[PDB]
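This report concerns only the one structure given below.
There are 2 protein chains.
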Amino acid sequence: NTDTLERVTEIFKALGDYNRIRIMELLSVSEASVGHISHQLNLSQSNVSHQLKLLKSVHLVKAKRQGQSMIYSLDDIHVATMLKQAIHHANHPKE
Amino acid sequence: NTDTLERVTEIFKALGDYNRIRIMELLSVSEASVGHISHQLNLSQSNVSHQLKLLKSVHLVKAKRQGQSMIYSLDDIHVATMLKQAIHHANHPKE
Numbered sequence: 009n010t011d012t013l014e015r016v017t018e019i020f021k022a023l024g025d026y027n028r029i030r031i032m033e034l035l036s037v038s039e040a041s042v043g044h045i046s047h048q049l050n051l052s053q054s055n056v057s058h059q060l061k062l063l064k065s066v067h068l069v070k071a072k073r074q075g076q077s078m079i080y081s082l083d084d085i086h087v088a089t090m091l092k093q094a095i096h097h098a099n100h101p102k103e
Numbered sequence: 009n010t011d012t013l014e015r016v017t018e019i020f021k022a023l024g025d026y027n028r029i030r031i032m033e034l035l036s037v038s039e040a041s042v043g044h045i046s047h048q049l050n051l052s053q054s055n056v057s058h059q060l061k062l063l064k065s066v067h068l069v070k071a072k073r074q075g076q077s078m079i080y081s082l083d084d085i086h087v088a089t090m091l092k093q094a095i096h097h098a099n100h101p102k103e
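Protein chains in written order, with the UniProt record's numbering: chain A, 9 to 103; chain B, 9 to 103.
In structure tokens, the structure reads:
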């Protein structure tokens, strides 16, 4: 079980850099293509591709084939909530 | 805006070290006192009372008064779920 406890730690860390945190918020509202994301932070597609490849190793993201363009998107409905519940506790301004 | 974004980041990193991740799992199952925890990692109470103070700065934990013993417990029903869902995605027993 020690292996799991170690992984449960790599998960969060994989969220460190905030720059990625924003990208996650975008996909949350609605999937997006590689070049499409360029807008958000824009720059070089090669930069985004490299990253998306890292998150793919953690099993947090999933890519699919559709014609001649690779579309991305969340894995399930667990990530969505997580993100939310996050801002919840943070913003406990109740009423 | 940017203010919150910066925070949401302080939350995670606030879980770094796994040593703490364990202490939380213990509270989730059932509250515990300062000395009681000693059984968990066992050591110097001053050590726990010190850390338990850091987690109090984030608001993740809360303390209460009951006679002459300071009892600790979760903040609400948001942390409990979070911890769960986490181990839920990490361990995806397909089939």
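Positions of the beta carbon are idealized from the N, C-alpha and C atoms, including for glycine.
Residue i - partner residues in DSSP beta bridges
i     : result
A/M78 : A/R73
B/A40 : B/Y80
Straight-line gap, residue i to residue j (C-alpha atoms, nearest Å)
i      : j     : result
B/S52  : A/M78 : 55 Å
B/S81  : B/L91 : 15 Å
B/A98  : A/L23 : 14 Å
A/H100 : B/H47 : 33 Å
A/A88  : A/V56 : 21 Å
B/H96  : A/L35 : 21 Å
B/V37  : B/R30 : 11 Å
A/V69  : B/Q74 : 46 Å
A/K64  : B/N27 : 27 Å
A/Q59  : A/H86 : 21 Å
A/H44  : A/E18 : 28 Å
B/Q76  : A/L62 : 51 Å
A/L49  : A/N9  : 39 Å
B/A71  : A/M32 : 34 Å
B/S41  : B/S54 : 13 Å
Span of the alpha helix (DSSP H), counted from its first residue to its last, around residue i
i     : result
B/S52 : No alpha helix (DSSP H) holds B/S52; DSSP gives it neither H nor E.
B/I85 : Here B/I85 belongs to no alpha helix (DSSP H), and DSSP marks it neither H nor E.
B/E18 : 10-21
Within chain A, the residues that residue i reaches when beta carbons sit closer than 7 Å
i     : result
B/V42 : In chain order: nothing, as chain A lies at least about 24 Å away.
Listed by chain order, chain B residues near residue i by CB distance under 8 Å
i     : result
A/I29 : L13, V16, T17
Contact set between residue i and chain B, taken where Cβ atoms lie within less than 7 Å
i     : result
A/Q93 : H86, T89, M90
A/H96 : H86
A/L23 : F20
Partners in chain A for residue i, counting only beta-carbon separations shorter than 8 Å
i     : result
B/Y26 : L13, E14, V16, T17
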